[PDB]
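A.B. asks: Following this message is one structure expressed as structure tokens.
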Amino acid sequence: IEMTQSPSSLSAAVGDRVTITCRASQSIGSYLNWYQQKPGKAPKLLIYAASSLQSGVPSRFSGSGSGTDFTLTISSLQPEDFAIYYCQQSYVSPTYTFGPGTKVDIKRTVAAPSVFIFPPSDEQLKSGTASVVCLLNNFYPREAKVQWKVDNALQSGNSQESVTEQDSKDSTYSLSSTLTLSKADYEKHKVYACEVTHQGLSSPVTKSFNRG
Amino acid sequence: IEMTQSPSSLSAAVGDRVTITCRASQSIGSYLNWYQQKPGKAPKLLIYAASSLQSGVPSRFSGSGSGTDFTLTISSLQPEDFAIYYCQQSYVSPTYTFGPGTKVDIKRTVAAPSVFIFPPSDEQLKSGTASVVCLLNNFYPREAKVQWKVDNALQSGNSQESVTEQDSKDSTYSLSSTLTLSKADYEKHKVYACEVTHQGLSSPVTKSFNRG
Amino acid sequence: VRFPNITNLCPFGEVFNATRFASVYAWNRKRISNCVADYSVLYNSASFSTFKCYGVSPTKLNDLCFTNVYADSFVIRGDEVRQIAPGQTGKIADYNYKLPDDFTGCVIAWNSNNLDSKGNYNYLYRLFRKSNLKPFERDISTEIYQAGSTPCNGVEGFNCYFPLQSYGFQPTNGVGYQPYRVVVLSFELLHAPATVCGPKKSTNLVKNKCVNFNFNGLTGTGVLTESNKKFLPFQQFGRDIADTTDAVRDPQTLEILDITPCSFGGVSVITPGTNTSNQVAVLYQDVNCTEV
Amino acid sequence: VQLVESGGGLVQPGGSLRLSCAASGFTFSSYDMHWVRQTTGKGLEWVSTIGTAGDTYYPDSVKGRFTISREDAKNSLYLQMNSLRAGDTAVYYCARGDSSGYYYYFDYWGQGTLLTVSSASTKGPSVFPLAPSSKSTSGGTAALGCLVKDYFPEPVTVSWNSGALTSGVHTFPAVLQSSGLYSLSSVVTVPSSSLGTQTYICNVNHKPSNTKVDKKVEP
Amino acid sequence: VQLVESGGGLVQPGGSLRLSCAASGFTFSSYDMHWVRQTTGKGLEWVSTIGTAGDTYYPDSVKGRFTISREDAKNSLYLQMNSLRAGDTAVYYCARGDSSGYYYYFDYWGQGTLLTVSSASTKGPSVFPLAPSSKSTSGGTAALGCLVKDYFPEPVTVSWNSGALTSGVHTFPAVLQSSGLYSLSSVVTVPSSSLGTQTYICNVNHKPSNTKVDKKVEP
Amino acid sequence: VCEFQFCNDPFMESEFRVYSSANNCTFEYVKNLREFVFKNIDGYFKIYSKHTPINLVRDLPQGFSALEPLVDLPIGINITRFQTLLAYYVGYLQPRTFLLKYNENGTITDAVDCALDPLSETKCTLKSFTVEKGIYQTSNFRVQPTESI
Ligand SMILES: *[C@@H]1O[C@H](CO)[C@@H](O[C@@H]2O[C@H](CO)[C@@H](O[C@@H]3O[C@H](CO)[C@@H](O)[C@H](O)[C@@H]3O)[C@H](O)[C@H]2NC(C)=O)[C@H](O)[C@H]1NC(C)=O
Ligand SMILES: *[C@@H]1O[C@H](CO)[C@@H](O)[C@H](O)[C@H]1NC(C)=O
Ligand SMILES: *[C@@H]1O[C@H](CO)[C@@H](O)[C@H](O)[C@H]1NC(C)=O
Ligand SMILES: *[C@@H]1O[C@H](CO)[C@@H](O)[C@H](O)[C@H]1NC(C)=O
Ligand SMILES: *[C@@H]1O[C@H](CO)[C@@H](O)[C@H](O)[C@H]1NC(C)=O
Ligand SMILES: *[C@@H]1O[C@H](CO)[C@@H](O)[C@H](O)[C@H]1NC(C)=O
Ligand SMILES: *[C@@H]1O[C@H](CO)[C@@H](O)[C@H](O)[C@H]1NC(C)=O
């Protein structure tokens with residue numbers, strides 16, 4: 001049985017009520033467990049059998065549901081509840097499975113990214129590689145979209161992204177996006193650009209440079 | 001250390017959850033107190049040391065926070081909780097200071113003001129003074145803006161305003177705005193007006209009169 | 001309530017009434033421990049213009065106990081007094097004397113224009129450094145600071161500076177440029193037993209009266225009388241068989257007083273039958289006539 | 001526990017005021033006593049403290065002007081405020097501080113006393129009508145009122161028809177004017193059809209000057 | 001209760017890895033023991049179980065490749081994973097199952113151990129600067145950084161000016177490239193006025209190859 | 001109490017070689033048989049001592065004595081091991097019940113170890129340092145379950 005969680009990312013302030021839902025592809029009775037995994041730590045059991053709270057779990061945690069639709073609730077989110085939450089079907093054994101997970105972030109308004117574009121160095125081009133780096137710093141929510149362009153043509157399948165953990169002070173994220181072309185496919189084009197879309201931006205912002 | 005409260009005025013119905021925030025210009029640890037002052041009364045202590053509830057304070061009151069960001073919560077607002085709430089930094093002694101305060105009003109939809117304009121009497125003009133009075137009655141929220149104009153020119157620094165307490169039955173406010181000119185500066189102009197902006201108005205409303 | 005003789009006072013006098021203070025770049029530290037927290041000289045010195053506490057109110061500071069107290073002593077300009085605090089930045093806050101932003105303790109400062117000026121260049125501050133200080137860090141290096149890209153090679157020159165500069169402290173300077181003596185008392189409580197507690201005054205000791213007693217940490221009652229017991233040099237009180245304090249050695253006099261109960265007993269009425277007489281006598285059992 | 005302030009009143013700029021507070025229901029000698037003040041437009045400010053050790057503290061704007069003292073023998077707190085300025089106008093309160101561990105808070109306050117600083121001597125009000133007109137009428141609803149100017153000190157009581165009219169009445173708080181004197185206004189909401197038919201009188205009573213003005217308001 | 005995994009490390013595709021978990025604080029022989037794995041981009045997956053009866057279960061993608069066993073005499077759990085593929089790269093954890101009535105749940109987990117599957121032998125990093133320019137400056141704020149490419153295995157530690165610069169520093173998680181090697185980047189936020197004035201060096205330390213590169217970054 | 005770089009072989013007067021470097025202290029204070037008891041209770045290191053002359057130069061003398069508290073050091077240091085800095089004996093203390101016999105001046109003149117033998121058990125049970133002729137019940141014997149079936 002497949003489980004789906006929603007939202008994939010939940011934004012709530014400390015003191016806010018947090019609700020995370022999980023849906024089964026088919027009825028699982030009351031056989032659903034919930035887990036909380038802190039960054040750098042193994043998961044902890046919060047709720048089992050749909051609504052039974054586990055010993056050692058704060059009274060702030062509760063939940064219910066049956067059949068296909070279940071919800072986990074935190075009456076008041078604390079800083080220590082910053083975690084990835086998972087639902088687990090326990091109806092079908094031995095193949096226990098988890099949903100995709102819901103990340104609970106601490107909400108701090110909306111912060112637009114600072115976007116800078118970094119042309120490939122000569123030292124790398126001398127080795128036959130041309131990695132173009134676009135960095136989006138200090139933004140929130142975590143989700144951001146980066147559209148790589150070469151001569152204004154959209155690129156796909158030739159780039160990677162890496163996202164940092166939520167900052168402990170400014171409650172923001174940074175995203176590193178790299179477009180990697182061989183030098184042979186770099187010397188064929190003149191204009192390189194990084195178009196960024198984010199909730200804090202009234203319109204997408206594009207940074208660019210010319211080759212050479 | 002300076003403390004800032006938000007909102008300056010909170011509108012919530014009886015039975016609603018009320019949250020009031022307070023921010024420090026710099027970290028104050030957990031050294032923050034909260035007070036509730038009823039109209040015509042001295043303040044009462046609600047919460048001390050960020051989260052400790054004081055004896056005699058209803059269980060409806062709770063709160064938390066540390067560093068620079070603190071929140072006071074009322075689980076369910078009662079009629080008797082109509083009050084001005086203050087946060088107090090206790091980190092730096094002897095100079096204990098309070099934030100600007102958050103007024104908690106009882107919410108009753110939105111009521112547009114009844115606006116009337118009152119030309120100065122002859123009895124006052126005979127003494128060399130010309131006070132023009134504009135009265136905004138029976139409106140809610142409390143905040144309203146009054147723009148005084150003479151020959152359609154906006155006035156500034158020559159007017160005063162006075163606002164009543166929230167009505168005990170209709171849950172509304174009244175505002176008295178007075179423009180005071182000397183007669184010498186009254187006889188120089190022909191058109192007097194009061195333009196009022198409020199949440200219950202689809203557009204600003206202007207009342208006016210001609211001199212003589 | 002009886003307390004022992006107050007001796008071994010904490011050296012606040014030596015810190016605040018000091019002949020000389022250190023430069024802010026090389027602030028001095030004196031450890032205060034295992035002593036009496038007598039702040040009476042700091043309650044109303046008159047000369048202190050600045051008195052602010054980040055730890056606990058000064059009206060509670062005098063009672064409650066700490067494991068360690070540290071006295072940080074230095075001289076700065078009047079306009080720099082603002083920087084001796086949590087949450088602050090500036091040449092002193094960042095390069096000479098950094099406090100924790102969660103710091104607990106008290107900052108006291110006063111004008112020393114008639115003590116630390118003449119110009120008096122014995123007071124220096126750090127103007128240049130590559131990075132800021134950690135809380136309670138004392139950087140006393142004199143290595144030439146390189147502002148530019150060219151190595152200084154130990155000497156001053158273009159974009160090379162001696163990191164420590166002197167103050168032109170003079171008696172005729174404006175107030176913001178006059179020297180101020182700053183003492184920061186850093187206070188902490190550890191898992192260790194506290195050793196620095198406020199002084200407490202004793203109540204006059206009265207014998208042959210029914211009194212509620214408190215000797216050091218022992219609560220008692222009854223009436224005290226002279227004892228003929230001899231306690232060992234380390235003993236503070238003695239006991240009877242049934243877990244009862246028998247006698248106490250007084251904290252100030254080193255004399256021992258025995259503890260008797262406050263007189264009590266049954267009250268009996270001695271009477272002829274009411275058939276012949278309504279005259280009665282009253283017997284207070286097991287008590288003295290001086291108590292009734 | 002009870003705290004009762006006294007000594008409030010009217011003083012000129014450059015003058016002084018001596019406040020006191022009665023302490024009852026607690027061991028006064030064992031507590032740190034404070035004064036705070038509440039100023040319209042600024043909020044609640046701390047003014048001074050005196051500890052059980054006899055120590056005192058003030059904010060920079062007060063140091064050198066105010067002296068705080070306490071008489072433990074009489075359970076009575078005092079504050080002597082000299083070199084007063086117009087900016088010192090506020091309601092002054094006495095309060096008791098307390099603590100838990102290393103955390104300090106204020107727990108008790110009296111009702112407070114109002115201190116007014118102004119060079120103005122007592123002045124009776126000048127009362128003017130705010131006559132109704134076609135510009136004070138809308139949708140069948142109309143208003144008529146009055147304006148009370150240049151009186152000193154507070155309070156002024158304003159009512160309509162000697163208390164006969166209690167509904168539809170909006171009496172506003174007084175505002176201190178740049179003249180050093182106060183002003184306020186009041187309006188009564190009426191049917192437009194009552195104008196020129198029903199008599200309305202603004203009854204203004206300024207207690208400090210024993211002045212009462214019965215102002216009939218007509219179109 | 002404690003669970004501690006071991007045996008993680010680097011293996012080639014087509015190779016094998018033997019994991020173990022120490023069991024303490026509970027009667028190991030009385031509990032059903034499980035292994036789970038957490039894979040970047042997929043989440044947490046169940047891998048295998050062994051019951052107290054000696055029974056074992058696997059998912060279809062594992063059946064025939066992995067063998068689970070337990071030594072009750074030593075309170076020690078083992079998982080022998082043969083026929084490994086690149087897709088088996090994950091952090092593997094040991095866990096204890098328990099139940100209430102007819103409901104089963106996982107209650108305890110160890111910290112986990114990381115298993116990396118790749119044909120690449122250990123490789124030191126190629127470090128390149130990401131020089132600042134007019135296109136890395138906006139509103140007076142500017143950034144300069146570095147790029148670390150083709151190293152293997154993890155970790156690589158990246159810092160600025162040997163730890164002297166701790167603020168304004170954004171070091172990103174590494175991403176596995178199609179080459180089988182890893183890459184990551186780091187940037188330090190600076191005033192635009194510091195460019196060409198303040199020296200910034202990207203200090204890249206790849207522990208597995210004992211390779212350290214001090215890369216000075218200039219416009 | 002400063003952290004010190006202690007020597008791996010520490011030791012008119014001349015040489016002092018206990019340690020080399022030091023960082024920061026939180027505490028500072030300034031035929032012979034010497035006895036000490038060193039214990040740490042709730043952060044307090046308690047030092048008890050006794051010093052007497054002896055006529056033995058070969059072994060530990062037999063006799064009765066009791067030590068008294070001399071120094072109270074209120075410094076929460078964690079002690080799991082110790083080093084003697086230079087003929088000495090080291091024993092370890094146990095939470096055993098004892099009787100202490102106090103004379104007219106309150107000096108301990110003798111003592112009983114209640115778990116040494118059955119005679120001491122009788123003395124402790126009867127709260128007496130002297131046991132007369134007879135039979136006394138001092139304890140209870142019970143066979144405990146081992147295996148389960
Ligand atoms: C630095 O040293 C000076 C002495 O050279 C200390 O001044 C002394 O402070 C004490 C305590 O306040 C004064 O005692 C008081 O005297 C008044 C009468 O003047 C009496 O009414 C009080 O009950 C109390 O006995 C003492 O007179 C004063 N000495 C002088 C010459 O003024 C000063 O406190 C020291 N500062 C520090 C921080 O230690
Ligand atoms: C305490 O001080 C007084 C003098 O004030 C002295 O007579 C007495 O002997 C002292 N007691 C002790 C134990 O030192
Ligand atoms: C008791 O009182 C009676 C009178 O009521 C009297 O006759 C009798 O003698 C009295 N008894 C004694 C012992 O005096
Ligand atoms: C009663 O008290 C006095 C002292 O006032 C004492 O001399 C006498 O011996 C005491 N008598 C008894 C029985 O306690
Ligand atoms: C001084 O003590 C602090 C607190 O334990 C410690 O962090 C610091 O490193 C010590 N100083 C030195 C030179 O070790
Ligand atoms: C010994 O270490 C423990 C922590 O493991 C600590 O709680 C205890 O207070 C320490 N004892 C002393 C005397 O410092
Ligand atoms: C008690 O001390 C006195 C005086 O030193 C001594 O004469 C007496 O013998 C001692 N008694 C005992 C039992 O030690």
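Residues are referred to by chain and number: the chain letter is A, B, ... according to the order shown in the structure tokens, the number counts from 1 in that chain, and ligands are numbered separately from 1 in the order shown.
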Name the residues in contact with residue 10 (chain B) at a cut-off of 8 Å, using only C-alpha atoms, excluding same-chain residues fewer than 4 positions from it; report them as a PyMOL selection string.
C.D. replies: chain B and resi 20+102-105
A.B. asks: Pick out the residues sitting within 8 Å of region 108-113 of chain E, and hand them over as a count of residues only; count only C-alpha atoms, and ignore anything fewer than 5 positions along from it in its own chain.
C.D. replies: 18
A.B. asks: Using only C-alpha atoms and all ligand atoms, find each residue with an atom at most 12 Å away from ligand 1 and format the answer as a ChimeraX atom specification.
C.D. replies: /C:9-19,38-48,108-110,181,183 /D:54-55
A.B. asks: Just give me the gap between CA of residue 23 (chain D) and CA of residue 76 (chain D) in Å, one decimal is fine.
C.D. replies: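 Pair CA of residue 23 (chain D) / CA of residue 76 (chain D) returns 5.7 Å.
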A.B. asks: Using only C-alpha atoms and all ligand atoms, which protein or nucleic acid residues are at most 12 Å from ligand 3, as a list in words?
C.D. replies: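 Using only C-alpha atoms and all ligand atoms, everything at most 12 Å from ligand 3 comes to residues 272, 273, 274, 275, 276 and 277 of chain C.
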